[PDB]
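*Asks:* If you scroll down you'll find the structure; I have some questions about it.
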Amino acid sequence: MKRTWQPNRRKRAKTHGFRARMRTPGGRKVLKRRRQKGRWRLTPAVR
Amino acid sequence: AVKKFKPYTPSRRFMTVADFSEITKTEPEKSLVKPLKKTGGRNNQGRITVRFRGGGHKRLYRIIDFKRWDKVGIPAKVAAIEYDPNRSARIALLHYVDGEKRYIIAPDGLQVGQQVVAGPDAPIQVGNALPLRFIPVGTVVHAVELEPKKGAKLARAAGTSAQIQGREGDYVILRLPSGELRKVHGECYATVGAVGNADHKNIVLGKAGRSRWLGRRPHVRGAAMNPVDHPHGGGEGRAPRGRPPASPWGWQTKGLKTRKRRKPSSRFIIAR
RNA sequence: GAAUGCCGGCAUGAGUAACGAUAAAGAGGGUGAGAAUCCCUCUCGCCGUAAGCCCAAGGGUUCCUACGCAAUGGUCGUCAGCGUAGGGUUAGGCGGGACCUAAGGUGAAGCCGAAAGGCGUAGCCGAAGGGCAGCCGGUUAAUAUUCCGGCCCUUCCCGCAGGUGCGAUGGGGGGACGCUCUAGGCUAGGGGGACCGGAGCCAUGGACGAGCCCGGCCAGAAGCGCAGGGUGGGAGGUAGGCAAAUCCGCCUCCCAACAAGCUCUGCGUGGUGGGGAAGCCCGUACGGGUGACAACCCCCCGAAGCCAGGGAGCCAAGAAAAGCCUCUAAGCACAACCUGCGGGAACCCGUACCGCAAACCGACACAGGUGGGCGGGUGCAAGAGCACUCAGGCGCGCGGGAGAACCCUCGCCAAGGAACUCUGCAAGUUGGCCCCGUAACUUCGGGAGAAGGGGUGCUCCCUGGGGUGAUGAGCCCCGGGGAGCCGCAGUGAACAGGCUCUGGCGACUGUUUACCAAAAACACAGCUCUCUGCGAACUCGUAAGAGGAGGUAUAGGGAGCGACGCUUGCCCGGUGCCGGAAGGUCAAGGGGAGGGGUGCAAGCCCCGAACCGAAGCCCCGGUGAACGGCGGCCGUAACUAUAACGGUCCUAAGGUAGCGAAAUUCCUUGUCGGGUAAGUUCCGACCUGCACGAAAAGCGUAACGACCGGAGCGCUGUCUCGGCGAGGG
RNA sequence: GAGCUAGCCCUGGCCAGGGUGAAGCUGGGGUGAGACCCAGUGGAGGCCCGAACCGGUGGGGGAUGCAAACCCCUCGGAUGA
RNA sequence: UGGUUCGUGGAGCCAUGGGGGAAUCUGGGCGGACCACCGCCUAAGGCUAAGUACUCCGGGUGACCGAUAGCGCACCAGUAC
RNA sequence: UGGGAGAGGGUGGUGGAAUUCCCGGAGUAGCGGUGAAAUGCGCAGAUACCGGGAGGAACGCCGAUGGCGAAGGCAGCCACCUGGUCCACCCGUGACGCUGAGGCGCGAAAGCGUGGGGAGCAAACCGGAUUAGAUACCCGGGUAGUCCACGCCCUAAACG
Ligand SMILES: [Mg+2]
Ligand SMILES: [Mg+2]
Ligand SMILES: [Mg+2]
Ligand SMILES: [Mg+2]
Ligand SMILES: [Mg+2]
Ligand SMILES: [Mg+2]
Ligand SMILES: [Mg+2]
Ligand SMILES: [Mg+2]
Ligand SMILES: [Mg+2]
Ligand SMILES: [Mg+2]
Ligand SMILES: [Mg+2]
Ligand SMILES: [Mg+2]
Ligand SMILES: [Mg+2]
Ligand SMILES: [Mg+2]
Ligand SMILES: [Mg+2]
Ligand SMILES: [Mg+2]
Ligand SMILES: [Mg+2]
Ligand SMILES: [Mg+2]
Ligand SMILES: [Mg+2]
Ligand SMILES: [Mg+2]
Ligand SMILES: [Mg+2]
Ligand SMILES: [Mg+2]
Ligand SMILES: [Mg+2]
Ligand SMILES: [Mg+2]
Ligand SMILES: [Mg+2]
Ligand SMILES: [Mg+2]
Ligand SMILES: [Mg+2]
Ligand SMILES: [Mg+2]
Ligand SMILES: [Mg+2]
Ligand SMILES: [Mg+2]
Ligand SMILES: [Mg+2]
Ligand SMILES: [Mg+2]
Ligand SMILES: [Mg+2]
Ligand SMILES: [Mg+2]
Ligand SMILES: [Mg+2]
Ligand SMILES: [Mg+2]
Ligand SMILES: [Mg+2]
Ligand SMILES: [Mg+2]
Ligand SMILES: [Mg+2]
Ligand SMILES: [Mg+2]
Ligand SMILES: [Mg+2]
Ligand SMILES: [Mg+2]
Ligand SMILES: [Mg+2]
Ligand SMILES: [Mg+2]
Ligand SMILES: [Mg+2]
Ligand SMILES: [Mg+2]
Ligand SMILES: [Mg+2]
Ligand SMILES: [Mg+2]
Ligand SMILES: [Mg+2]
Ligand SMILES: [Mg+2]
Ligand SMILES: [Mg+2]
Ligand SMILES: [Mg+2]
Ligand SMILES: [Mg+2]
Ligand SMILES: [Mg+2]
Ligand SMILES: [Mg+2]
Ligand SMILES: [Mg+2]
Ligand SMILES: [Mg+2]
Ligand SMILES: [Mg+2]
Ligand SMILES: [Mg+2]
Ligand SMILES: [Mg+2]
Ligand SMILES: [Mg+2]
Ligand SMILES: [Mg+2]
Ligand SMILES: [Mg+2]
Ligand SMILES: [Mg+2]
Ligand SMILES: [Mg+2]
Ligand SMILES: [Mg+2]
Ligand SMILES: [Mg+2]
Ligand SMILES: [Mg+2]
Ligand SMILES: [Mg+2]
Ligand SMILES: [Mg+2]
Ligand SMILES: [Mg+2]
Ligand SMILES: [Mg+2]
Ligand SMILES: [Mg+2]
Ligand SMILES: [Mg+2]
Ligand SMILES: [Mg+2]
Ligand SMILES: [Mg+2]
Ligand SMILES: [Mg+2]
Ligand SMILES: [Mg+2]
Ligand SMILES: [Mg+2]
Ligand SMILES: [Mg+2]
Ligand SMILES: [Mg+2]
Ligand SMILES: [Mg+2]
Ligand SMILES: [Mg+2]
Ligand SMILES: [Mg+2]
Ligand SMILES: [Mg+2]
Ligand SMILES: [Mg+2]
Ligand SMILES: [Mg+2]
Ligand SMILES: [Mg+2]
Ligand SMILES: [Mg+2]
Ligand SMILES: [Mg+2]
Ligand SMILES: [Mg+2]
Ligand SMILES: [Mg+2]
Ligand SMILES: [Mg+2]
Ligand SMILES: [Mg+2]
Ligand SMILES: [Mg+2]
Ligand SMILES: [Mg+2]
Ligand SMILES: [Mg+2]
Ligand SMILES: [Mg+2]
Ligand SMILES: [Mg+2]
Ligand SMILES: [Mg+2]
Ligand SMILES: [Mg+2]
Ligand SMILES: [Mg+2]
Ligand SMILES: [Mg+2]
Ligand SMILES: [Mg+2]
Ligand SMILES: [Mg+2]
Ligand SMILES: [Mg+2]
Ligand SMILES: [Mg+2]
Ligand SMILES: [Mg+2]
Ligand SMILES: [Mg+2]
Ligand SMILES: [Mg+2]
Ligand SMILES: [Mg+2]
Ligand SMILES: [Mg+2]
Ligand SMILES: [Mg+2]
Ligand SMILES: [Mg+2]
Ligand SMILES: [Mg+2]
Ligand SMILES: [Mg+2]
Ligand SMILES: [Mg+2]
Ligand SMILES: [Mg+2]
Ligand SMILES: [Mg+2]
Ligand SMILES: [Mg+2]
Ligand SMILES: [Mg+2]
Ligand SMILES: [Mg+2]
Ligand SMILES: [Mg+2]
Ligand SMILES: [Mg+2]
Ligand SMILES: [Mg+2]
Ligand SMILES: [Mg+2]
Ligand SMILES: [Mg+2]
Ligand SMILES: [Mg+2]
Ligand SMILES: [Mg+2]
Ligand SMILES: [Mg+2]
Ligand SMILES: [Mg+2]
Ligand SMILES: [Mg+2]
Ligand SMILES: [Mg+2]
Ligand SMILES: [Mg+2]
Ligand SMILES: [Mg+2]
Ligand SMILES: [Mg+2]
Ligand SMILES: [Mg+2]
Ligand SMILES: [Mg+2]
Ligand SMILES: [Mg+2]
Ligand SMILES: [Mg+2]
Ligand SMILES: [Mg+2]
Ligand SMILES: [Mg+2]
Ligand SMILES: [Mg+2]
Ligand SMILES: [Mg+2]
Ligand SMILES: [Mg+2]
Ligand SMILES: [Mg+2]
Ligand SMILES: [Mg+2]
Ligand SMILES: [Mg+2]
Ligand SMILES: [Mg+2]
Ligand SMILES: [Mg+2]
Ligand SMILES: [Mg+2]
Ligand SMILES: [Mg+2]
Ligand SMILES: [Mg+2]
Ligand SMILES: [Mg+2]
Ligand SMILES: [Mg+2]
Ligand SMILES: [Mg+2]
Ligand SMILES: [Mg+2]
Ligand SMILES: [Mg+2]
Ligand SMILES: [Mg+2]
Ligand SMILES: [Mg+2]
Ligand SMILES: [Mg+2]
Ligand SMILES: [Mg+2]
Ligand SMILES: [Mg+2]
Ligand SMILES: [Mg+2]
Ligand SMILES: [Mg+2]
Ligand SMILES: [Mg+2]
Ligand SMILES: [Mg+2]
Ligand SMILES: [Mg+2]
């Protein structure tokens with residue numbers, strides 16, 4: 001049966017991308033939590 | 001008149017399609033007019049406002065001239081009576097002698113070859129738009145503005161007709177198809193004659209298909225719902241609504257007058 | 001020492017279930033220390049509209065080669081999609097970007113929002129939509145429309161050559177479009193050949209023969225040829241395409257009325273270029289050589305593909321922008337632009353491998369899921385079905401024996417056929433084509449495949465039509481008629497409805513509880529009520545704003561019923577709604593009679609009664625396809641019985657038509673009849689309706705239903721009543 | 001967080017092969033002209049059968065499964081909501 | 001209406017959103033409704049270190065821990081998953 | 001050939017009296033109804049008076065015991081189209097005539113389908129009065145219907 005994860009680099013990068021997080025003020029604060037705790041990947045590595 | 005169907009299959013015994021014989025042999029439309037894409041939509045900023053609207057055949061909007069005073073005193077000859085899917089009323093082409101091409105609402109009796117003139121002149125017979133300060137009392141008229149220089153806003157649907165009953169100074173009273181006697185300005189333009197194709201009521205959709213093809217999605221009865229969404233909804237088998245018939249937002253839907261009573265346009269209204 | 005406590009370790013179950021589709025294995029020869037599992041050969045089996053090839057996503061070294069087997073592989077392992085190391089992805093023409101725009105997003109101008117932020121015509125972003133220039137072979141272990149070979153093309157930049165008023169984000173043409181059904185000519189693909197070329201082979205009884213088997217193509221500029229698409233041409237006037245305009249549009253006269261001509265495609269032909277089987281010999285895991293001066297010819301079927309913007313019909317009425325052409329304005333007419341010929345320049349990213357799967361998503365080498373294209377041959381009427389089989393790829397990563405019970409899956413059965421049982425649940429019968437042949441009823445279409453029957457193979461003869469070859473042979477389609485043969489059986493295997501009567505409910509096609517409910521539930525056309533005069537009513541939002549709708553009473557919203565036929569009676573006392581500038585009550589405000597507190601005083605500050613004060617509520621009317629409701633008792637007619645009738649109490653009024661033990665009836669298996677031998681179910685009636693009833697509609701209604709209930713015929717392991725046999729455990 | 005799922009917008013694609021034979025049109029009959037009735041063409045439909053496809057009706061298996069929704073036989077739709 | 005202990009309480013004072021709406025020292029505010037006396041300041045413009053709070057970093061100390069503790073990590077950790 | 005009469009029929013246009021509703025002016029204690037009253041309307045200002053607007057159905061006098069048509073039926077007026085009928089001439093055709101089973105056409109009112117229109121009248125229906133009772137005759141209201149376009153009904157005291 002069709003499961004929940006049907007990958008797409010386009011949807012992943014337009015949704016959880018850095019340029020999508022820097023626009024919204026909620027997403028800008030998302031990067032503050034990841035930098036101050038020290039995440040190695042602030043945004044999901046999309047290729 | 002319309003043509004019925006033999007019941008070769010079900011939903012055809014009742015389905016009746018209109019008469020397409022008055023349409024001239026001009027099935028494809030004319031470009032340089034209608035280059036607008038109809039913005040097919042159902043919501044404003046995503047959230048649905050008008051419920052049960054969707055589907056529907058793809059259409060193209062034909063830009064219609066409602067400002068007939070742009071070419072006052074300039075005659076125009078019709079050469080095509082076309083079908084407009086954005087309207088119940090048919091349309092007609094206007095090949096002006098000036099050279100401009102424009103779509104106009106096609107009233108009844110407007111045949112090919114007849115020419116149409118606009119302005120305070122242009123005698124009384126179909127198509128000729130005149131301001132209400134010059135149209136004779138007791139005549140059939142349509143495409144009426146309510147306020148000057150704003151465009152035709154009254155009696156644009158099929159078969160509708162407006163009749164002049166009197167005069168009040170610079171204002172002229174009108175008998176609208178709903179029966180309202182509204183006092184509109186005399187300088188408001190109006191096109192004589194009845195809109196025609198009065199047989200739009202006489203058609204029968206036959207099945208649910210034509211509703212979906214027109215774009216009307218299924219209308220869910222409010223009693224089949226549940227109390228969180230609709231007031232009528234809930235209870236056991238076939239709730240007899242148990243309260244005054246209301247709408248999903250709580251307001252009553254049977255006999256509650258909703259116009260504003262403090263409206264400044266109420267002093268130009270007489271009847272129902 | 002305990003909290004179904006937290007973390008870690010090891011037991012029990014236990015050498016038990018399982019080892020992941022029943023598509024299937026066996027032998028011989030190699031390597032190796034170790035082979036059922038790796039390599040090679042032979043035999044066997046499976047898929048073959050895939051279980052085979054080619055793309056787009058996603059995955060991101062998995063590809064190739066050398067060396068390995070500690071871990072991964074449901075066993076082994078010398079193997080690998082695993083470990084170590086090296087190599088491999090080459091583009092002006094393929095795809096994407098220095099091209100365009102749609103939904104949507106962003107957003108200068110402008111509007112809004114306590115802040116964050118939100119809307120927003122123009123502009124921009126935004127794509128398997130438009131536009132654009134490459135086809136065929138060869139090489140590597142791994143790449144190729146990318147490298148090589150042949151042939152053909154596209155942009156710019158600079159020069160001479162010939163022409164012209166050139167000339168833009170601006171104007172106009174064009175780009176430009178639906179669904180169904182189809183004509184003409186071609187191509188892909190395929191069938192045949194007594195024609196051509198082939199190593200070879202006569203086997204086991206016969207056959208040296210028009211014998212068997214294999215193969216008889218691909219691309220290809222310019223001209224040609226065939227088919228097809230787009231297009232009229234002048235001459236005036238002109239107030240319109242938001243400046244100008246010879247372009248476009250509109251009016252008039254002329255010749256075309258054609259596709260003649262001018263263009264643009266497709267296909268065939270074409271200088272030249274390439275491929276080239278089966279069999280045998282080799283040694284690769286795989287390629288090579290030869291067969292090879294290889295032939296490369298003729299018929300037939302022939303598309304859903306090409307000419308493409310073809311044609312006809314229909315209504316539900318079928319994107320935008322740029323590339324291209326034309327027009328002109330500032331400018332410039334030593335410029336610039338068009339055609340043609342040279343020389344030069346042509347960037348950035350991907351190309352490997354998987355890709356109905358062991359590499360994507362499902363924790364797994366998971367029987368699940370995944371978009372497009374090719375998808376051969378024969379037979380069954382056909383077809384992408386079904387059975388077998390080319391090319392290709394596999395035997396699904398535990399096996400060997402045995403032949404218990406028991407379970408799954410499958411086959412057969414005496415005699416009876418529903419007695420089993422909630423129910424023929426399951427299973428079984430029928431089953432495809434052709435020809436007879438059909439009922440009540442009905443909305444005249446249907447019901448209809450009704451039901452129910454007959455023919456179906458092969459051989460011989462006579463014979464009719466088409467289509468392609470010329471008005472003939474061959475080839476390919478359908479027939480018609482007459483003789484005869486075999487078997488139990490002729491859609492001989494596979495795929496390919498059991499039927500009839502009636503009732504409930506819903507008109508019908510559909511839709512839904514992903515993962516227990518596909519239904520009488522939802523929806524549907526259709527009917528009614530009600531709101532709504534356009535800055536509409538209503539919805540979302542604090543607002544701007546947007547939907548409605550670039551709609552305008554034949555339109556839009558809400559509510560109810562839910563096709564169609566006949567109908568929807570009474571109550572407006574209560575509630576809702578509608579209409580009522582009277583009256584009562586009614587808060588802030590006006591108003592100050594009068595009174596108070598302070599001071600020596602003017603003054604200052606409080607209360608503060610009549611009187612005028614809106615909406616609402618009360619009051620008066622109307623409204624039930626609005627919320628809702630729609631009685632009881634007693635007595636009377638000449639066999640009894642009953643009550644057409646009369647009287648009385650109360651409510652605002654006191655169920656009409658139609659139906660009725662019902663999806664509604666408790667008593668109740670009401671009672672009569674029909675069915676059965678036997679009928680708490682079923683059907684037709686009576687009415688005593690606990691507790692039907694007219695739009696939460698009433699009564700019927702042809703057709704339809706994987707809905708529900710009852711009966712019957714054919715049929716069977718469903719049962720008396722079980723027995724046996726196969727495969728997987 | 002709408003890569004599952006529900007609806008809608010923009011743009012593309014897919015539905016083999018058989019039947020049924022509406023309207024229209026041509027010819028004939030017919031009338032004063034029609035209406036209308038026969039053939040022939042025609043190819044309509046939320047039409048019939050049935051694969052891909054989309055579902056998930058009935059039964060059996062499965063139940064620490066191949067599977068946290070599966071498999072076999074059967075079944076509904078398959079030019080349209 | 002908010003703030004202050006202040007919740008309408010006799011509700012002042014300090015800010016205000018709405019309506020009306022003056023004066024320049026014999027002018028105004030306050031001293032908890034209001035009035036008189038007596039006293040305190042002189043509003044509707046603004047600037048200002050010091051002393052005060054905190055620990056990403058460095059140092060010192062510890063009747064603080066010692067790999068199931070101590071920060072989530074003494075170890076290439078906000079990693080693998 | 002030449003004239004005539006006629007409410008013959010179909011379409012379009014158009015006029016006035018009156019009813020009803022609305023707006024305005026002015027006016028007060030009732031109006032209405034019947035054999036009699038009552039329901040009802042009326043201090044929230046009605047009936048009656050005047051002015052203006054709206055809308056529909058019928059056409060007063062002429063108008064008749066009249067006319068026209070096969071029948072049902074047909075009345076303000078104008079215009080268009082087309083029936084039928086009468087008179088004078090003796091011209092033409094030369095019996096071409098009469099009736100008519102079946103068929104076809106028309107066919108009042110009421111009724112049915114779709115849509116419009118709806119002033120008045122008015123089945124069903126509410127209320128008052130009458131009567132012993134009154135599902136009625138009388139009175140206050142009131143829907144379908146009366147009208148129009150098309151389609152269907154196709155009956156009758158369709159009666160000379
Ligand atoms: Mg354009
Ligand atoms: Mg938007
Ligand atoms: Mg948004
Ligand atoms: Mg519900
Ligand atoms: Mg609620
Ligand atoms: Mg109930
Ligand atoms: Mg309820
Ligand atoms: Mg109730
Ligand atoms: Mg109103
Ligand atoms: Mg203890
Ligand atoms: Mg312990
Ligand atoms: Mg433990
Ligand atoms: Mg053990
Ligand atoms: Mg055990
Ligand atoms: Mg055991
Ligand atoms: Mg075992
Ligand atoms: Mg296995
Ligand atoms: Mg297995
Ligand atoms: Mg071996
Ligand atoms: Mg070794
Ligand atoms: Mg096979
Ligand atoms: Mg095959
Ligand atoms: Mg990729
Ligand atoms: Mg992976
Ligand atoms: Mg690797
Ligand atoms: Mg490999
Ligand atoms: Mg190993
Ligand atoms: Mg192992
Ligand atoms: Mg495994
Ligand atoms: Mg490896
Ligand atoms: Mg560039
Ligand atoms: Mg770009
Ligand atoms: Mg763009
Ligand atoms: Mg846009
Ligand atoms: Mg924005
Ligand atoms: Mg925005
Ligand atoms: Mg925009
Ligand atoms: Mg493209
Ligand atoms: Mg390209
Ligand atoms: Mg080429
Ligand atoms: Mg490869
Ligand atoms: Mg020159
Ligand atoms: Mg130029
Ligand atoms: Mg240019
Ligand atoms: Mg343009
Ligand atoms: Mg052909
Ligand atoms: Mg070829
Ligand atoms: Mg061929
Ligand atoms: Mg051959
Ligand atoms: Mg040879
Ligand atoms: Mg022999
Ligand atoms: Mg051949
Ligand atoms: Mg010109
Ligand atoms: Mg101009
Ligand atoms: Mg000129
Ligand atoms: Mg060619
Ligand atoms: Mg050739
Ligand atoms: Mg060769
Ligand atoms: Mg190989
Ligand atoms: Mg196709
Ligand atoms: Mg095409
Ligand atoms: Mg076309
Ligand atoms: Mg652009
Ligand atoms: Mg100049
Ligand atoms: Mg560059
Ligand atoms: Mg490549
Ligand atoms: Mg490749
Ligand atoms: Mg598969
Ligand atoms: Mg799983
Ligand atoms: Mg495996
Ligand atoms: Mg798998
Ligand atoms: Mg997997
Ligand atoms: Mg698939
Ligand atoms: Mg595929
Ligand atoms: Mg094929
Ligand atoms: Mg085949
Ligand atoms: Mg065949
Ligand atoms: Mg098969
Ligand atoms: Mg059998
Ligand atoms: Mg037996
Ligand atoms: Mg037997
Ligand atoms: Mg039997
Ligand atoms: Mg029994
Ligand atoms: Mg038993
Ligand atoms: Mg029994
Ligand atoms: Mg049963
Ligand atoms: Mg069964
Ligand atoms: Mg059989
Ligand atoms: Mg019968
Ligand atoms: Mg029939
Ligand atoms: Mg039947
Ligand atoms: Mg049969
Ligand atoms: Mg025979
Ligand atoms: Mg034989
Ligand atoms: Mg022949
Ligand atoms: Mg036989
Ligand atoms: Mg089967
Ligand atoms: Mg069948
Ligand atoms: Mg039934
Ligand atoms: Mg019944
Ligand atoms: Mg149903
Ligand atoms: Mg159907
Ligand atoms: Mg069906
Ligand atoms: Mg579903
Ligand atoms: Mg479910
Ligand atoms: Mg869920
Ligand atoms: Mg659930
Ligand atoms: Mg179903
Ligand atoms: Mg608006
Ligand atoms: Mg709001
Ligand atoms: Mg409505
Ligand atoms: Mg219902
Ligand atoms: Mg019903
Ligand atoms: Mg009722
Ligand atoms: Mg009431
Ligand atoms: Mg009342
Ligand atoms: Mg009340
Ligand atoms: Mg007061
Ligand atoms: Mg005093
Ligand atoms: Mg009041
Ligand atoms: Mg007696
Ligand atoms: Mg009685
Ligand atoms: Mg009754
Ligand atoms: Mg009963
Ligand atoms: Mg009985
Ligand atoms: Mg039983
Ligand atoms: Mg019964
Ligand atoms: Mg009874
Ligand atoms: Mg009752
Ligand atoms: Mg009921
Ligand atoms: Mg009801
Ligand atoms: Mg019934
Ligand atoms: Mg029925
Ligand atoms: Mg169904
Ligand atoms: Mg069903
Ligand atoms: Mg058995
Ligand atoms: Mg056994
Ligand atoms: Mg066995
Ligand atoms: Mg989605
Ligand atoms: Mg396909
Ligand atoms: Mg026919
Ligand atoms: Mg169908
Ligand atoms: Mg199932
Ligand atoms: Mg189910
Ligand atoms: Mg099961
Ligand atoms: Mg069967
Ligand atoms: Mg079926
Ligand atoms: Mg089907
Ligand atoms: Mg406070
Ligand atoms: Mg306070
Ligand atoms: Mg203030
Ligand atoms: Mg004070
Ligand atoms: Mg004090
Ligand atoms: Mg100051
Ligand atoms: Mg400061
Ligand atoms: Mg400071
Ligand atoms: Mg400080
Ligand atoms: Mg630790
Ligand atoms: Mg330790
Ligand atoms: Mg008056
Ligand atoms: Mg006459
Ligand atoms: Mg009548
Ligand atoms: Mg009627
Ligand atoms: Mg009816
Ligand atoms: Mg009366
Ligand atoms: Mg009356
Ligand atoms: Mg009649
Ligand atoms: Mg009779």
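Convention: chains lettered A, B, ... in structure tokens order; per-chain residue numbering from 1; ligands numbered from 1 as shown.
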What residues of the protein or nucleic acid chains come within 12 Å of ligand 100 when you use only C-alpha atoms (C1' of nucleotides) and all ligand atoms? Reply as a PyMOL selection string.
*Replies:* chain C and resi 502-505+659-660+662+683-685+699-700
*Asks:* Within segment 43-250 of chain B, find each residue whose DSSP state, derived from the backbone, is helix (DSSP H, G or I), and express the selection as a PyMOL selection string.
*Replies:* chain B and resi 198-200+209-214+222-224
*Asks:* Please identify every residue of chain A that has at least one atom no more than 7 Å from any atom of chain C, counting only C-alpha atoms (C1' of nucleotides), and report them as a short mmCIF file (atom, residue, chain, number, x, y, z; two decimals) with N, CA and C atoms, in the first residue's frame.
*Replies:*
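In the end it all went to selection_22.cif:
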data_model
loop_
_atom_site.label_atom_id
_atom_site.label_comp_id
_atom_site.auth_asym_id
_atom_site.auth_seq_id
_atom_site.Cartn_x
_atom_site.Cartn_y
_atom_site.Cartn_z
N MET A 1 0.83 -1.20 0.00
CA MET A 1 0.00 0.00 0.00
C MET A 1 0.87 1.25 0.00
N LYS A 2 0.32 2.34 -0.53
CA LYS A 2 1.03 3.61 -0.61
C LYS A 2 1.31 4.16 0.77
N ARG A 3 2.58 4.19 1.14
CA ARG A 3 2.97 4.68 2.45
C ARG A 3 3.08 6.19 2.55
N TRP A 5 5.85 8.19 3.18
CA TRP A 5 7.02 8.86 2.64
C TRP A 5 7.25 8.57 1.16
N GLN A 6 6.79 9.48 0.31
CA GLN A 6 6.98 9.37 -1.14
C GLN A 6 7.91 10.51 -1.47
N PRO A 7 9.21 10.25 -1.52
CA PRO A 7 10.22 11.30 -1.67
C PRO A 7 10.11 12.17 -2.91
#
*Asks:* Please provide the set of residues having any atom within 12 Å of residue 556 of chain C, restricted to only C-alpha atoms (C1' of nucleotides), with same-chain residues fewer than 4 positions apart removed, written as a PyMOL selection string.
*Replies:* (chain B and resi 50+157) or (chain C and resi 531-532+534+536-538+548-549+551-552)
*Asks:* What is the distance between atom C1' of residue 29 of chain F and atom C1' of residue 49 of chain F, in Å to one decimal?
*Replies:*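 The value is 17.9 Å.
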*Asks:* Name each residue within 10 Å of ligand 84, counting only C-alpha atoms (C1' of nucleotides) and all ligand atoms, as a ChimeraX atom specification.
*Replies:* /C:420,719-721
*Asks:* Leaving out residue 16 of chain A and any residue of its chain fewer than 2 positions from it, which residues lie within 12 Å of it when counting only C-alpha atoms (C1' of nucleotides), given as number ranges by chain?
*Replies:* A: 8-14, 18-24, 27-28, 30-31, 41-46; D: 1, 3
*Asks:* Please check the contacts: residues of chain D at most 7 Å away from chain B, using only C-alpha atoms (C1' of nucleotides), listed as a list in words.
*Replies:*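 Selected residues: residues 8, 9, 22, 45, 46, 47 and 81 of chain D.
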